[PDB]
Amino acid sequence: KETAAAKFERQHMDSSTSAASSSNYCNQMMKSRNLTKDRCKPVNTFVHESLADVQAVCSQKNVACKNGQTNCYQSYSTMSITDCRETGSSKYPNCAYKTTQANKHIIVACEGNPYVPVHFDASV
């Protein structure tokens, strides 16, 4: 059983590249992080920053989560991210994604001891 913290890392961290360099990034990544196994995950963001930088967000600007809980945090600074969203034609198991590279603030929900990201709420 994956911890919530480990699931976050698998779904959202990509420290290995500074940015998506092709329009096929999302197709490539969604597959390999096993986010298309059972169904096409519809929306998923990858963050191209160190794990330390992403964990540090839990110490930054406290905001409400979409769900009304108040354990979310917005990064003071922008981060390099890639936004992956399934195209309207996509059908499992031939999952297809639009890739959008950007520099935006991230908002994550944090939980636990240590107090670490367990959900990606949005980018700004």
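In this text, residue numbers run from 1 along the sequence as written. We call the rigid core whatever largest set of C-alpha positions still superposes within 1.5 Å between the two forms.
Is 30 to 38 or 51 to 59 the stretch whose C-alphas end up farther from this model in 6 other deposited structures of this protein after a rigid core fit?
Stretch with the higher C-alpha RMS distance in 6 other deposited structures of this protein: 30 to 38.
Core-aligned, RMS over all structures and residues: is 71 to 79 or 88 to 96 the stretch with the greater C-alpha displacement in 6 other deposited structures of this protein? Relative to the shown form, the greater RMS C-alpha distance in 6 other deposited structures of this protein belongs to 88 to 96.
Between 5 to 13 and 18 to 26, point out the one with the higher average CA B-factor as the PDB entry records it.
If you average the C-alpha B-factors of 5 to 13 and of 18 to 26, the larger mean comes out for 18 to 26.
Regarding 27 to 35 and 68 to 76, which shows the higher C-alpha temperature factor on average in the entry? On average, C-alpha B-factors are higher across 27 to 35.
- Message: Just the C-alpha B-factor column, please: which of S90, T45, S59, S50 has the biggest number?
- Response: In the PDB entry, the greatest C-alpha B-factor among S90, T45, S59, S50 is found at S90.
### Task
Going by the CA temperature factor in the entry, name the top one among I81, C84, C95, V63.
Each of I81, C84, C95, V63 was compared by C-alpha B-factor; the highest is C95.
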